[PDB]
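Structure data follow from coords39.cif (mmCIF, C-alpha atoms and all ligand atoms):
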```cif
data_upload
loop_
_atom_site.label_atom_id
_atom_site.label_comp_id
_atom_site.auth_asym_id
_atom_site.auth_seq_id
_atom_site.Cartn_x
_atom_site.Cartn_y
_atom_site.Cartn_z
CA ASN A 12 124.58 87.84 74.03
CA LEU A 13 122.38 86.47 76.83
CA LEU A 14 119.45 88.64 75.71
CA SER A 15 119.88 88.82 71.93
CA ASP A 16 116.51 88.00 70.29
CA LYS A 17 114.97 88.08 73.80
CA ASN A 18 113.01 90.72 75.67
CA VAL A 19 112.85 91.79 79.31
CA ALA A 20 109.77 92.82 81.28
CA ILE A 21 110.31 95.04 84.33
CA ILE A 22 107.31 95.08 86.68
CA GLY A 23 106.99 98.53 88.20
CA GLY A 24 108.21 101.95 87.14
CA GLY A 25 109.57 103.20 90.44
CA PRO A 26 113.03 104.75 90.62
CA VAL A 27 114.57 101.26 90.79
CA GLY A 28 112.60 99.78 87.87
CA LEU A 29 113.11 102.84 85.67
CA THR A 30 116.85 102.78 86.34
CA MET A 31 116.97 99.05 85.57
CA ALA A 32 115.25 99.80 82.26
CA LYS A 33 117.69 102.54 81.34
CA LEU A 34 120.79 100.47 82.09
CA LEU A 35 119.48 97.56 80.00
CA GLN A 36 118.14 99.71 77.18
CA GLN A 37 121.40 101.58 76.68
CA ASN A 38 123.11 98.22 75.99
CA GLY A 39 120.68 97.43 73.17
CA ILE A 40 118.26 95.28 75.17
CA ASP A 41 114.59 95.02 74.26
CA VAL A 42 112.98 96.01 77.60
CA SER A 43 109.53 97.22 78.65
CA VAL A 44 108.36 98.58 82.01
CA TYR A 45 104.78 97.86 83.09
CA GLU A 46 103.56 100.47 85.59
CA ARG A 47 100.17 100.44 87.32
CA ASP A 48 99.95 104.26 87.44
CA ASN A 49 97.47 105.52 84.86
CA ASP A 50 99.96 108.03 83.37
CA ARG A 51 103.22 109.84 83.99
CA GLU A 52 101.59 112.93 85.56
CA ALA A 53 100.51 110.87 88.59
CA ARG A 54 101.83 112.68 91.66
CA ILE A 55 104.19 110.64 93.84
CA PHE A 56 103.51 111.28 97.52
CA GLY A 57 106.48 111.33 99.90
CA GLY A 58 109.67 113.08 100.92
CA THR A 59 112.78 113.53 98.83
CA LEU A 60 115.43 110.95 97.89
CA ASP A 61 119.20 111.35 98.21
CA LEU A 62 121.54 109.25 96.07
CA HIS A 63 124.85 108.11 97.57
CA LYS A 64 128.30 107.88 96.06
CA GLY A 65 129.15 104.28 95.23
CA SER A 66 125.52 103.20 94.92
CA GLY A 67 122.64 105.39 93.74
CA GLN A 68 124.98 107.92 92.18
CA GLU A 69 127.00 105.15 90.51
CA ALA A 70 123.86 103.92 88.78
CA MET A 71 123.17 107.47 87.54
CA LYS A 72 126.79 107.82 86.40
CA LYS A 73 126.59 104.58 84.41
CA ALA A 74 123.39 105.87 82.77
CA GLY A 75 124.87 109.25 81.80
CA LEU A 76 122.45 110.94 84.19
CA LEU A 77 124.66 111.98 87.12
CA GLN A 78 124.74 115.64 86.10
CA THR A 79 120.99 115.59 85.38
CA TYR A 80 120.46 114.45 88.98
CA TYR A 81 122.82 117.09 90.40
CA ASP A 82 121.06 119.88 88.47
CA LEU A 83 117.67 119.01 90.04
CA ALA A 84 118.90 117.99 93.49
CA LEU A 85 119.47 120.19 96.52
CA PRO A 86 122.08 119.72 99.25
CA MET A 87 120.37 120.33 102.58
CA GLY A 88 121.62 120.70 106.12
CA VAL A 89 120.13 119.12 109.22
CA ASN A 90 118.90 120.62 112.49
CA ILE A 91 118.14 118.54 115.55
CA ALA A 92 115.55 120.21 117.79
CA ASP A 93 113.92 119.22 121.07
CA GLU A 94 110.16 119.17 121.75
CA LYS A 95 110.30 122.78 123.02
CA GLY A 96 111.72 124.04 119.73
CA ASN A 97 115.27 124.51 120.99
CA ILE A 98 117.84 123.90 118.25
CA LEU A 99 120.23 121.33 119.73
CA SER A 100 122.43 120.88 116.64
CA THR A 101 122.87 122.64 113.27
CA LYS A 102 124.87 120.96 110.48
CA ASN A 103 124.89 122.84 107.19
CA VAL A 104 126.32 121.31 104.03
CA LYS A 105 129.96 122.25 103.55
CA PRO A 106 130.69 123.08 99.89
CA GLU A 107 133.10 120.13 99.50
CA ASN A 108 130.25 117.76 100.47
CA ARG A 109 127.57 119.29 98.23
CA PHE A 110 127.69 116.21 95.94
CA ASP A 111 127.57 113.61 98.74
CA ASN A 112 123.78 113.12 98.77
CA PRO A 113 121.72 116.13 97.63
CA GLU A 114 117.95 115.71 97.95
CA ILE A 115 115.78 115.33 94.84
CA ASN A 116 112.00 115.38 94.53
CA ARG A 117 110.56 111.98 93.58
CA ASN A 118 108.61 113.31 90.60
CA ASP A 119 111.78 115.05 89.36
CA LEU A 120 113.72 111.77 89.62
CA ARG A 121 110.99 109.88 87.76
CA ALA A 122 111.05 112.55 85.03
CA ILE A 123 114.85 112.25 84.67
CA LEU A 124 114.58 108.49 84.22
CA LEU A 125 111.57 108.61 81.87
CA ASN A 126 113.18 111.31 79.72
CA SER A 127 116.26 109.10 79.35
CA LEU A 128 114.18 106.16 78.04
CA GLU A 129 113.14 105.58 74.45
CA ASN A 130 109.51 106.45 73.74
CA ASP A 131 106.99 103.79 74.80
CA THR A 132 109.43 101.94 77.05
CA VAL A 133 107.00 102.33 79.97
CA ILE A 134 103.48 100.94 79.40
CA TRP A 135 101.19 102.85 81.75
CA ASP A 136 97.98 101.55 83.36
CA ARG A 137 99.44 98.03 83.52
CA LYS A 138 98.86 96.41 86.92
CA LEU A 139 100.42 92.95 86.78
CA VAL A 140 98.24 90.41 88.60
CA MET A 141 99.73 87.06 87.56
CA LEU A 142 102.74 85.38 85.95
CA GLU A 143 102.74 82.08 84.14
CA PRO A 144 105.90 80.32 82.87
CA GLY A 145 105.65 78.85 79.38
CA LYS A 146 108.05 76.65 77.44
CA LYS A 147 110.42 79.60 77.03
CA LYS A 148 108.50 82.82 77.78
CA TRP A 149 106.62 84.16 80.77
CA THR A 150 103.03 85.18 80.13
CA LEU A 151 102.16 88.36 82.02
CA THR A 152 98.52 88.91 83.02
CA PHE A 153 97.40 92.48 83.63
CA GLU A 154 94.21 93.84 85.13
CA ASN A 155 91.63 94.25 82.32
CA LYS A 156 94.40 94.68 79.69
CA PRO A 157 95.80 92.19 77.16
CA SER A 158 98.61 89.87 78.18
CA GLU A 159 102.28 90.19 77.28
CA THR A 160 105.26 87.82 77.11
CA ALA A 161 108.91 88.10 78.14
CA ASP A 162 112.00 85.90 78.31
CA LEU A 163 113.03 87.55 81.59
CA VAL A 164 110.83 89.10 84.28
CA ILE A 165 112.31 91.52 86.81
CA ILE A 166 110.02 92.25 89.77
CA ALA A 167 110.49 95.92 90.72
CA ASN A 168 107.03 96.83 91.95
CA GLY A 169 107.78 97.82 95.53
CA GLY A 170 107.60 96.48 99.03
CA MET A 171 104.02 95.20 98.91
CA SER A 172 104.51 93.15 95.71
CA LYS A 173 102.12 90.20 95.38
CA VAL A 174 103.96 88.63 92.42
CA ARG A 175 107.00 87.24 94.26
CA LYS A 176 106.08 83.57 94.77
CA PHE A 177 108.10 82.25 91.84
CA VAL A 178 111.15 83.73 93.61
CA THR A 179 110.45 83.23 97.34
CA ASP A 180 107.75 82.33 99.85
CA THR A 181 108.99 85.05 102.24
CA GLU A 182 106.21 87.36 103.44
CA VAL A 183 106.34 91.06 104.21
CA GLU A 184 106.24 91.75 107.98
CA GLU A 185 105.18 94.67 110.15
CA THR A 186 108.02 95.83 112.38
CA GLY A 187 105.85 97.50 115.03
CA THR A 188 106.34 101.20 114.25
CA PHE A 189 103.89 103.45 112.43
CA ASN A 190 104.26 106.58 110.31
CA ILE A 191 101.93 109.48 109.60
CA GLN A 192 103.00 111.80 106.79
CA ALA A 193 101.68 114.98 105.25
CA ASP A 194 102.43 117.92 102.99
CA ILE A 195 101.94 121.59 103.78
CA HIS A 196 101.81 123.90 100.79
CA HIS A 197 103.24 127.40 101.20
CA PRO A 198 104.63 126.59 104.68
CA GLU A 199 106.19 130.04 105.05
CA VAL A 200 102.57 131.25 105.28
CA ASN A 201 100.70 128.22 106.67
CA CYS A 202 103.15 127.02 109.36
CA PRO A 203 105.48 130.04 109.67
CA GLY A 204 106.92 129.26 113.11
CA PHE A 205 107.90 125.70 112.25
CA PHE A 206 109.14 126.81 108.84
CA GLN A 207 111.41 129.37 110.53
CA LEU A 208 112.57 126.69 112.96
CA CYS A 209 113.76 124.55 110.05
CA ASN A 210 115.52 127.60 108.57
CA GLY A 211 116.35 125.98 105.25
CA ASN A 212 117.49 122.71 106.85
CA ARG A 213 115.84 119.36 107.31
CA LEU A 214 114.73 118.94 110.92
CA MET A 215 114.50 115.97 113.27
CA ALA A 216 113.20 115.83 116.84
CA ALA A 217 112.44 113.03 119.30
CA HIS A 218 110.57 113.09 122.63
CA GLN A 219 109.02 110.23 124.62
CA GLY A 220 108.81 107.77 121.75
CA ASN A 221 107.45 110.17 119.13
CA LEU A 222 109.74 111.14 116.26
CA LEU A 223 109.23 114.05 113.88
CA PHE A 224 111.07 114.48 110.57
CA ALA A 225 110.55 117.41 108.23
CA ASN A 226 111.86 118.76 104.94
CA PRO A 227 110.83 122.44 104.67
CA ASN A 228 111.34 122.61 100.89
CA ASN A 229 110.39 119.63 98.72
CA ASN A 230 109.86 121.71 95.56
CA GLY A 231 108.19 124.44 97.59
CA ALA A 232 106.11 122.19 99.86
CA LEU A 233 107.00 121.14 103.39
CA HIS A 234 106.95 117.39 103.95
CA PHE A 235 106.87 115.94 107.43
CA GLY A 236 106.53 112.58 109.15
CA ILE A 237 105.57 111.57 112.69
CA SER A 238 106.65 108.07 113.81
CA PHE A 239 105.95 106.00 116.92
CA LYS A 240 105.48 102.46 118.15
CA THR A 241 102.18 101.13 116.89
CA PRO A 242 99.75 101.63 119.82
CA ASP A 243 98.48 98.42 121.41
CA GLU A 244 94.88 99.57 120.91
CA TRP A 245 95.58 99.32 117.15
CA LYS A 246 95.34 95.54 116.79
CA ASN A 247 92.78 96.69 114.19
CA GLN A 248 94.23 100.19 113.50
CA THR A 249 91.23 101.44 115.49
CA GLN A 250 90.39 105.00 116.59
CA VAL A 251 92.30 106.75 113.77
CA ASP A 252 90.50 106.97 110.43
CA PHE A 253 93.00 108.59 108.09
CA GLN A 254 90.15 109.75 105.84
CA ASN A 255 88.98 112.00 108.72
CA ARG A 256 91.47 114.79 109.40
CA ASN A 257 89.72 115.63 112.70
CA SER A 258 90.30 112.10 114.00
CA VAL A 259 94.00 112.30 113.07
CA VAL A 260 94.46 115.85 114.41
CA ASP A 261 92.90 114.77 117.69
CA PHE A 262 95.20 111.75 118.03
CA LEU A 263 98.35 113.71 117.20
CA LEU A 264 97.54 116.68 119.46
CA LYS A 265 97.30 114.25 122.38
CA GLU A 266 100.59 112.55 121.49
CA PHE A 267 102.27 115.95 121.07
CA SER A 268 100.62 117.63 124.07
CA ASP A 269 103.89 118.77 125.61
CA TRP A 270 105.49 119.89 122.33
CA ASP A 271 105.99 123.53 121.41
CA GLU A 272 103.08 125.24 119.62
CA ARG A 273 105.15 125.52 116.44
CA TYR A 274 104.87 121.74 116.12
CA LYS A 275 101.20 121.74 117.17
CA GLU A 276 100.41 124.35 114.49
CA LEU A 277 101.91 121.94 111.96
CA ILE A 278 99.37 119.28 112.98
CA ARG A 279 96.51 121.82 113.13
CA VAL A 280 96.92 123.20 109.58
CA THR A 281 97.54 119.94 107.69
CA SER A 282 94.72 119.33 105.24
CA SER A 283 95.15 115.54 104.99
CA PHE A 284 97.37 112.83 106.51
CA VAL A 285 98.65 109.48 105.22
CA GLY A 286 99.19 106.63 107.67
CA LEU A 287 101.61 103.77 106.94
CA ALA A 288 102.76 100.82 109.02
CA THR A 289 106.50 100.22 108.87
CA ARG A 290 107.28 96.96 107.10
CA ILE A 291 110.27 94.80 106.23
CA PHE A 292 110.72 92.08 103.60
CA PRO A 293 113.33 90.12 105.53
CA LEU A 294 116.37 88.69 103.74
CA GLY A 295 117.19 85.37 105.38
CA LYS A 296 117.61 81.97 103.77
CA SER A 297 118.32 81.88 100.05
CA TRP A 298 115.51 82.40 97.58
CA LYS A 299 114.11 79.52 95.52
CA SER A 300 116.57 77.79 93.22
CA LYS A 301 115.82 76.15 89.85
CA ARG A 302 112.97 78.50 88.95
CA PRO A 303 110.90 77.46 85.88
CA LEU A 304 112.06 80.48 83.81
CA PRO A 305 114.48 83.32 84.60
CA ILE A 306 113.08 85.77 87.14
CA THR A 307 114.41 87.95 89.97
CA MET A 308 113.52 90.97 92.13
CA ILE A 309 115.17 94.33 92.79
CA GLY A 310 114.56 97.32 95.04
CA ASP A 311 111.92 97.24 97.78
CA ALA A 312 110.39 94.15 96.16
CA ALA A 313 113.66 92.40 97.12
CA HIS A 314 114.54 93.97 100.49
CA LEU A 315 112.03 96.52 101.79
CA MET A 316 113.27 97.76 105.16
CA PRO A 317 112.50 100.56 107.65
CA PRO A 318 113.57 104.01 106.37
CA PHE A 319 114.63 105.87 109.55
CA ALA A 320 118.44 105.64 109.12
CA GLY A 321 118.49 106.43 105.39
CA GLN A 322 118.43 102.92 103.97
CA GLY A 323 116.13 102.49 101.01
CA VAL A 324 116.51 103.47 97.39
CA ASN A 325 120.30 103.29 97.16
CA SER A 326 120.47 99.54 97.73
CA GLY A 327 117.78 99.17 95.07
CA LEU A 328 119.77 101.26 92.60
CA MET A 329 122.75 99.05 93.44
CA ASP A 330 120.61 96.04 92.48
CA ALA A 331 119.88 97.57 89.07
CA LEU A 332 123.53 98.40 88.48
CA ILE A 333 124.79 94.92 89.39
CA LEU A 334 122.02 93.00 87.64
CA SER A 335 122.18 95.03 84.43
CA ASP A 336 125.96 94.62 84.28
CA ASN A 337 125.69 90.85 84.79
CA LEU A 338 123.06 90.61 82.03
CA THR A 339 125.24 92.53 79.55
CA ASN A 340 128.95 92.02 80.30
CA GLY A 341 129.00 88.65 78.50
CA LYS A 342 130.78 86.80 81.33
CA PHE A 343 127.86 84.53 82.27
CA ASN A 344 126.75 81.39 80.43
CA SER A 345 123.05 81.86 81.12
CA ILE A 346 120.54 84.40 82.34
CA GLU A 347 120.04 82.22 85.43
CA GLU A 348 123.72 82.46 86.35
CA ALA A 349 123.80 86.23 85.84
CA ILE A 350 120.75 86.40 88.16
CA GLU A 351 122.34 84.09 90.74
CA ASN A 352 125.45 86.28 90.88
CA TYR A 353 123.32 89.40 91.41
CA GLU A 354 121.24 87.78 94.15
CA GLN A 355 124.34 86.49 95.96
CA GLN A 356 125.84 89.98 96.15
CA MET A 357 122.54 91.61 97.10
CA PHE A 358 122.01 89.24 100.01
CA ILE A 359 125.29 90.49 101.52
CA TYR A 360 124.81 94.28 101.38
CA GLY A 361 121.03 93.86 101.63
CA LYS A 362 121.28 91.90 104.88
CA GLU A 363 123.74 94.43 106.28
CA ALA A 364 121.46 97.31 105.36
CA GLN A 365 118.50 95.49 106.92
CA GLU A 366 120.38 94.70 110.13
CA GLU A 367 121.42 98.34 110.47
CA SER A 368 117.94 99.66 109.69
CA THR A 369 116.36 97.23 112.17
CA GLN A 370 118.89 98.01 114.91
CA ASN A 371 118.49 101.72 114.27
CA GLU A 372 114.70 101.33 114.52
CA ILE A 373 115.02 99.59 117.90
CA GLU A 374 117.22 102.40 119.19
CA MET A 375 115.29 105.41 117.88
CA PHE A 376 112.02 104.31 119.51
CA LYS A 377 113.26 103.58 123.00
CA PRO A 378 111.28 105.98 125.23
CA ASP A 379 114.40 107.95 126.25
CA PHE A 380 116.00 108.25 122.79
CA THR A 381 117.71 111.46 121.72
CA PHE A 382 119.49 112.14 118.43
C1 LIG B 1 108.24 107.27 104.94
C2 LIG B 1 109.37 106.78 104.07
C3 LIG B 1 110.51 107.55 103.93
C4 LIG B 1 111.57 107.14 103.15
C5 LIG B 1 111.50 105.91 102.48
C6 LIG B 1 110.37 105.14 102.62
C7 LIG B 1 109.29 105.55 103.41
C8 LIG B 1 108.08 104.67 103.52
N1 LIG B 1 112.57 105.45 101.69
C9 LIG B 1 112.50 104.18 100.97
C10 LIG B 1 112.47 104.39 99.43
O1 LIG B 1 111.65 105.44 99.03
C11 LIG B 1 112.24 103.07 98.68
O2 LIG B 1 113.39 102.30 98.90
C12 LIG B 1 112.05 103.25 97.16
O3 LIG B 1 110.84 103.90 96.83
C13 LIG B 1 112.17 101.87 96.50
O4 LIG B 1 111.86 102.08 95.14
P1 LIG B 1 111.33 100.83 94.22
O5 LIG B 1 111.40 101.36 92.82
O6 LIG B 1 111.96 99.52 94.59
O7 LIG B 1 109.78 100.74 94.72
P2 LIG B 1 108.63 101.89 94.67
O8 LIG B 1 107.61 101.46 95.66
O9 LIG B 1 109.20 103.27 94.74
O10 LIG B 1 108.15 101.58 93.12
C14 LIG B 1 107.24 100.52 92.85
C15 LIG B 1 106.52 100.88 91.56
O11 LIG B 1 105.74 99.78 91.09
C16 LIG B 1 104.42 100.17 90.79
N2 LIG B 1 103.58 98.99 90.95
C17 LIG B 1 103.13 98.43 92.13
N3 LIG B 1 102.44 97.33 91.95
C18 LIG B 1 102.42 97.14 90.59
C19 LIG B 1 101.85 96.15 89.75
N4 LIG B 1 101.12 95.13 90.21
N5 LIG B 1 102.05 96.23 88.43
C20 LIG B 1 102.75 97.26 87.94
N6 LIG B 1 103.32 98.24 88.63
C21 LIG B 1 103.13 98.15 89.95
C22 LIG B 1 104.16 101.35 91.74
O12 LIG B 1 103.13 102.12 91.23
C23 LIG B 1 105.55 102.05 91.76
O13 LIG B 1 105.71 102.96 90.70
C24 LIG B 1 113.66 106.28 101.60
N7 LIG B 1 114.71 105.86 100.85
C25 LIG B 1 115.86 106.54 100.66
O14 LIG B 1 116.74 106.08 99.95
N8 LIG B 1 115.91 107.75 101.32
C26 LIG B 1 114.90 108.28 102.12
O15 LIG B 1 115.02 109.35 102.67
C27 LIG B 1 113.73 107.47 102.25
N9 LIG B 1 112.69 107.94 103.04
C1 LIG B 2 119.45 111.92 103.94
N1 LIG B 2 118.46 111.10 104.27
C2 LIG B 2 117.36 111.80 104.56
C3 LIG B 2 116.32 111.16 105.48
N2 LIG B 2 116.48 109.93 105.82
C4 LIG B 2 115.69 109.65 106.88
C5 LIG B 2 114.22 109.35 106.31
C6 LIG B 2 113.18 109.57 107.45
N3 LIG B 2 111.93 110.08 106.88
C7 LIG B 2 110.61 109.56 107.50
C8 LIG B 2 110.67 108.52 108.40
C9 LIG B 2 109.48 108.03 108.99
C10 LIG B 2 108.22 108.58 108.68
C11 LIG B 2 108.15 109.60 107.79
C12 LIG B 2 109.32 110.04 107.25
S1 LIG B 2 109.04 111.33 106.15
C13 LIG B 2 110.57 112.22 106.24
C14 LIG B 2 110.39 113.53 105.98
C15 LIG B 2 111.42 114.40 105.99
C16 LIG B 2 112.62 113.79 106.31
CL1 LIG B 2 114.07 114.81 106.39
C17 LIG B 2 112.86 112.44 106.60
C18 LIG B 2 111.76 111.56 106.57
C19 LIG B 2 117.75 109.70 106.10
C20 LIG B 2 118.84 110.30 105.23
#
```

Give the structure from the file, written as structure tokens.
Amino acid sequence: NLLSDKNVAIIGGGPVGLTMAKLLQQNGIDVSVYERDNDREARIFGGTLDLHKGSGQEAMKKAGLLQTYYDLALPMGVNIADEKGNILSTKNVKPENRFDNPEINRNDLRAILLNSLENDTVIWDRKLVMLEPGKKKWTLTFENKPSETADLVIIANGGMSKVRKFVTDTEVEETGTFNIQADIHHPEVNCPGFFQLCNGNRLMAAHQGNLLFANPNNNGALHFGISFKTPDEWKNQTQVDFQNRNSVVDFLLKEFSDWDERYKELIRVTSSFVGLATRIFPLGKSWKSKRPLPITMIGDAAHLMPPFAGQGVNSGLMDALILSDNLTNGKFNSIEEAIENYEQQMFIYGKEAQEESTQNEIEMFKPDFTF
């Protein structure tokens, strides 16, 4: 085998890195995941994830976890509303499509993947800060923790990874849109009007360059996001301190001044907001060839892209499926060639996904956009 008497280090225990670990481990591969989170009870902020047939779901199938995912996921319909709260479109999930892409909470998905791994596969409180290639092994340097070695390093630590340079000099870029997100607990009580507007479905609305997305039931909480072109005054992210809810409430109430009070109530009752600039890690020219030791990247570390049209985790789970199969099917003469074959495929569907996400972004933020 390519990996017999060798070990693999996966950097990052996100959904992509944990899936990569499971697919390698179940073929007898010595693999560890180093995750910066202090422990597994760390809450993951964000909306739900939906896994697609042919990609995310195919990775779960290969891992024996497809039913586990279905049992914790929820098919959800979609309502499009206007800024006055009129429901313009209602699409519920037809029973024959209930397996197409049901939504799963991110902590639930992490728990599924962790539970499927052998004990002590993930090493918590391990923030990788530097890599160094040796004669045959990488040396991994962690923050204030002892070093580790690995024959193969797989960078899976998300879109802002700083440990990419052995693979590419490409830099993450801001696309020019900005996202504010929040959770409301017990929304049926705390934002009843907007909760009733959703009516069990996800909701999307667009008006004059401001977009609102909401999921009224991410394991009982309501998750929502407000997205817009990054204001020109923010060449230093000025005016809005996201540590100060009053500053954020004031900014959003002005942007949403002509929206229905059900939306304004949502802004008014939120206890804290998270701001996030939209970024892309653009796939263009090939990555570096003839690297000193085998190394590659998967998931957002490889092809972070805007999330507004549903691109994201599924292309990362496709990475893990392809790369793990190449490392274990015994068709390749070296780890480098298995990696090369993975990267060549990923550049094709990754570039397509990026082009679509970037085009979609352009369209959804034109001042007169409607869904
Ligand atoms: C607002 C918004 C909304 C959406 C989405 C994004 C955003 C910003 N996405 C995108 C999607 O969530 C994204 O593709 C995945 O989280 C990618 O998972 P990864 O495992 O690659 O990275 P992810 O960022 O999830 O995981 C990286 C892991 O590495 C760890 N880490 C970081 N640095 C480290 C270090 N130095 N050492 C060790 N560990 C380190 C982190 O703690 C984390 O656990 C999405 N996608 C989708 O498919 N459907 C959707 O609906 C959405 N919606
Ligand atoms: C099925 N999938 C579900 C959702 N995909 C869109 C993800 C958009 N995204 C979001 C975008 C920008 C800022 C914040 C957010 S937060 C959010 C919250 C709720 C919902 Cl439904 C969607 C989002 C697409 C397809």

Padding 5 Å on every side, please: axis-aligned box over the listed atoms of ligand LIG 1 (chain B), centre and edge lengths to one decimal in Å, as lines of an AutoDock Vina configuration file.
```
center_x = 108.9
center_y = 102.2
center_z = 96.4
size_x = 25.6
size_y = 24.2
size_z = 27.0
```

Q: Kindly compile the residues surrounding ligand LIG 2 (chain B) within 6 Å, counting all atoms listed in the file, and format them as a ChimeraX atom specification.
A: /A:58,61,190,192,213,224-226,234-238,318-321

**Q.** 7 Å contact set for segment 296-310 of chain A, only C-alpha atoms, chain neighbours under 4 positions out, as an MDAnalysis selection string
**A.** chainID A and resid 27 144 163:167 169 177:179 314 324 326:328 330:331 346:347 350

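Atom CA of residue 95 of chain A is positioned 19.9 Å from atom CA of residue 261 of chain A.
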
Using all atoms listed in the file, find each residue in chain A having at least one atom no more than 8 Å away from ligand LIG 1 (chain B); report its shortest atom-to-atom pair and that distance in Å (one decimal), rows by chain then rising number, as a Markdown table.
```
| residue | atom | partner | partner_atom | distance |
| --- | --- | --- | --- | --- |
| A:22 | CA | B:LIG1 | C20 | 5.2 |
| A:23 | CA | B:LIG1 | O11 | 3.4 |
| A:24 | CA | B:LIG1 | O13 | 4.5 |
| A:25 | CA | B:LIG1 | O10 | 3.4 |
| A:26 | CA | B:LIG1 | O5 | 4.4 |
| A:27 | CA | B:LIG1 | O5 | 3.8 |
| A:28 | CA | B:LIG1 | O5 | 5.3 |
| A:29 | CA | B:LIG1 | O5 | 7.5 |
| A:45 | CA | B:LIG1 | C20 | 5.3 |
| A:46 | CA | B:LIG1 | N6 | 3.8 |
| A:47 | CA | B:LIG1 | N6 | 4.1 |
| A:48 | CA | B:LIG1 | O12 | 5.4 |
| A:57 | CA | B:LIG1 | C1 | 6.7 |
| A:58 | CA | B:LIG1 | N9 | 6.3 |
| A:59 | CA | B:LIG1 | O15 | 6.1 |
| A:60 | CA | B:LIG1 | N8 | 4.7 |
| A:61 | CA | B:LIG1 | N8 | 5.8 |
| A:62 | CA | B:LIG1 | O14 | 6.9 |
| A:136 | CA | B:LIG1 | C20 | 7.9 |
| A:137 | CA | B:LIG1 | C20 | 5.6 |
| A:138 | CA | B:LIG1 | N5 | 3.5 |
| A:139 | CA | B:LIG1 | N5 | 4.0 |
| A:140 | CA | B:LIG1 | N4 | 5.8 |
| A:153 | CA | B:LIG1 | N5 | 7.7 |
| A:167 | CA | B:LIG1 | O6 | 5.5 |
| A:168 | CA | B:LIG1 | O11 | 3.3 |
| A:169 | CA | B:LIG1 | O7 | 3.6 |
| A:170 | CA | B:LIG1 | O8 | 6.0 |
| A:171 | CA | B:LIG1 | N3 | 7.4 |
| A:172 | CA | B:LIG1 | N3 | 6.0 |
| A:173 | CA | B:LIG1 | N4 | 7.2 |
| A:174 | CA | B:LIG1 | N4 | 7.4 |
| A:190 | CA | B:LIG1 | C1 | 6.7 |
| A:192 | CA | B:LIG1 | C1 | 7.2 |
| A:236 | CA | B:LIG1 | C1 | 7.0 |
| A:287 | CA | B:LIG1 | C8 | 7.4 |
| A:289 | CA | B:LIG1 | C8 | 7.1 |
| A:309 | CA | B:LIG1 | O6 | 6.4 |
| A:310 | CA | B:LIG1 | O6 | 3.4 |
| A:311 | CA | B:LIG1 | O6 | 3.9 |
| A:312 | CA | B:LIG1 | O6 | 5.8 |
| A:313 | CA | B:LIG1 | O6 | 7.7 |
| A:315 | CA | B:LIG1 | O2 | 6.6 |
| A:316 | CA | B:LIG1 | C9 | 7.7 |
| A:317 | CA | B:LIG1 | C6 | 7.1 |
| A:318 | CA | B:LIG1 | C5 | 4.8 |
| A:319 | CA | B:LIG1 | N9 | 7.1 |
| A:321 | CA | B:LIG1 | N8 | 5.0 |
| A:322 | CA | B:LIG1 | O14 | 5.4 |
| A:323 | CA | B:LIG1 | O2 | 3.5 |
| A:324 | CA | B:LIG1 | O2 | 3.7 |
| A:325 | CA | B:LIG1 | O14 | 5.3 |
| A:326 | CA | B:LIG1 | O2 | 7.7 |
| A:327 | CA | B:LIG1 | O6 | 5.9 |
```

Since the input is missing atoms, can you rebuild N, CA and C atoms for segment 245-254 of chain A and write them as an mmCIF file, in the frame of the given file?
```
data_model
loop_
_atom_site.group_PDB
_atom_site.id
_atom_site.type_symbol
_atom_site.label_atom_id
_atom_site.label_comp_id
_atom_site.auth_asym_id
_atom_site.auth_seq_id
_atom_site.Cartn_x
_atom_site.Cartn_y
_atom_site.Cartn_z
ATOM 1 N N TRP A 245 95.680 99.503 118.593
ATOM 2 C CA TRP A 245 95.580 99.320 117.150
ATOM 3 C C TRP A 245 95.829 97.882 116.705
ATOM 4 N N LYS A 246 95.327 96.866 117.412
ATOM 5 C CA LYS A 246 95.340 95.540 116.790
ATOM 6 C C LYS A 246 94.328 95.435 115.657
ATOM 7 N N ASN A 247 93.611 96.530 115.370
ATOM 8 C CA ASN A 247 92.780 96.690 114.190
ATOM 9 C C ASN A 247 92.883 98.113 113.635
ATOM 10 N N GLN A 248 93.997 98.801 113.921
ATOM 11 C CA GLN A 248 94.230 100.190 113.500
ATOM 12 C C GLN A 248 93.077 101.101 113.939
ATOM 13 N N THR A 249 92.450 100.768 115.070
ATOM 14 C CA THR A 249 91.230 101.440 115.490
ATOM 15 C C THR A 249 91.498 102.908 115.819
ATOM 16 N N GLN A 250 90.403 103.623 116.096
ATOM 17 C CA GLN A 250 90.390 105.000 116.590
ATOM 18 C C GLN A 250 90.773 106.031 115.532
ATOM 19 N N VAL A 251 91.798 105.762 114.725
ATOM 20 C CA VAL A 251 92.300 106.750 113.770
ATOM 21 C C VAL A 251 91.882 106.328 112.369
ATOM 22 N N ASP A 252 90.926 107.074 111.825
ATOM 23 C CA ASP A 252 90.500 106.970 110.430
ATOM 24 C C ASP A 252 91.285 108.032 109.660
ATOM 25 N N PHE A 253 92.150 107.601 108.748
ATOM 26 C CA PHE A 253 93.000 108.590 108.090
ATOM 27 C C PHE A 253 92.281 109.342 106.992
ATOM 28 N N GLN A 254 91.041 108.965 106.682
ATOM 29 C CA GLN A 254 90.150 109.750 105.840
ATOM 30 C C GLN A 254 89.531 110.940 106.568
#
```
